[PDB]
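Form deposited in one PDB entry, single chain, as structure tokens, below.
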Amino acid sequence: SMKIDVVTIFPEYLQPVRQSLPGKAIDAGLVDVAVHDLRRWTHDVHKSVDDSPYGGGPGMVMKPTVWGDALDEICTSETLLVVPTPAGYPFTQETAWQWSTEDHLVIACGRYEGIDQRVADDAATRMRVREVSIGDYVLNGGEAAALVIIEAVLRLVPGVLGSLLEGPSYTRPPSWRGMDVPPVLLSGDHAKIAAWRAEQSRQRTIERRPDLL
């Protein structure tokens, strides 16, 4: 079983992934995704979640007092606290695999500029904390990254959602708009098909991801 809690100032953003869990995995008690409005933990009548950065400059920084209260309530010592940010360690398939066996993920969605560093630093003294990036680009907030993380992890959790690059794939029909499926794939020579696919993979990786070599 896995419990996932997402904390965000835009709770409805996570509606698609909550309303995407098969009834079977929820009823088997194997997965539960809860979404929490960060403003639940604000202290002032204006429900402030951010403030100006120390040391100046434009941008806003999310308040440590608000986040601290939220995580105090939601997390336990067993929690894996995931903080998406473009400044994080890379989140990869290996990460997805590892987190797929966790009992409790809490995902703290920050907004542009980010969360006061003391929030993660404090949490790290009593739980495992992971600042991660899903890719080298900047979003306005962590919510899309949370969607990506939840999907990549949960699809590795048995029955929940239902090296080199992979080369091109083909299916019916055998001919379409003047383009034939490569005849080797229809040859019934499965050793040859494997070797063809390996070369396709090598060529595609060289062309698109030479870093992987």
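A residue's number is simply how far along the shown sequence it sits, counting from 1. Rigid core: the largest C-alpha set superposing within 1.5 Å between the two forms.
- Query: Among the other entries that model both neighbours of residue 195, does it go unmodelled in a third or more?
  - Reply: Residue 195: modelled in every other compared entry.
- Message: Given the other compared entries that model the residues flanking it, would you say residue 153 is unmodelled in at least one third?
- Response: Per the records, residue 153 is modelled in all the other entries.
- Classify the number of deposited-sequence residues missing from the model between residue 162 and residue 163: none, 1 to 3, 4 to 9, or 10 or more. Per the deposited record, the segment joining residue 162 and residue 163 lacks coordinates for 10 or more residues.
- Query: Comparing 58-66 with 28-36, where is the mean C-alpha B-factor higher?
  - Reply: 28-36 has the higher mean C-alpha B-factor.
- Item | Mean temperature factor over C-alpha atoms, higher-scoring stretch between 117-125 and 96-104 | Stretch with the higher mean C-alpha B-factor: 96-104.
- Message: Splitting the chain's C-alpha B-factors into thirds, which one does residue 17 fall into?
- Response: For residue 17, the deposited C-alpha B-factor lands in the highest third.
- Task: Comparing against every modelled residue in the chain, figure out the third that the C-alpha B-factor of residue 150 lands in (lowest, middle or highest).
- Result: Bottom third by C-alpha B-factor.
- Among the modelled residues of its chain, does the C-alpha B-factor of residue 185 lie in the lowest, middle or highest third? Lowest third of the chain for residue 185's C-alpha B-factor.
- Task: Grab the CA temperature factor for residue 9 from the record and place it in the lowest, middle or highest third of its chain.
- Result: As the PDB entry reports it, the C-alpha B-factor of residue 9 lands in the highest third of its chain.
- Lowest, middle or highest third: where is residue 86 by C-alpha B factor in its chain? Middle third by C-alpha B-factor.
The form deposited in another entry is left out here; the points below concern that form.
- Sole residue of 34, 144, 184, 26 shifting 2 angstroms or more in CA between this form and the one not shown, core aligned: Result of the comparison: 26.
- Message: Relative to what's shown here, the Cα pair residue 96 and residue 22 differs by 3 Å or more in the other form. Does it come closer or drift farther?
- Response: Their C-alpha distance shrinks by at least 3 Å in the other form.
- Task: Answer with closer or farther for the CA-CA spacing of residue 144 and residue 25 in the other form compared to the shown form; it moves by 3 Å or more.
- Result: It is closer: the C-alpha separation of residue 144 and residue 25 falls by at least 3 Å in the other form.
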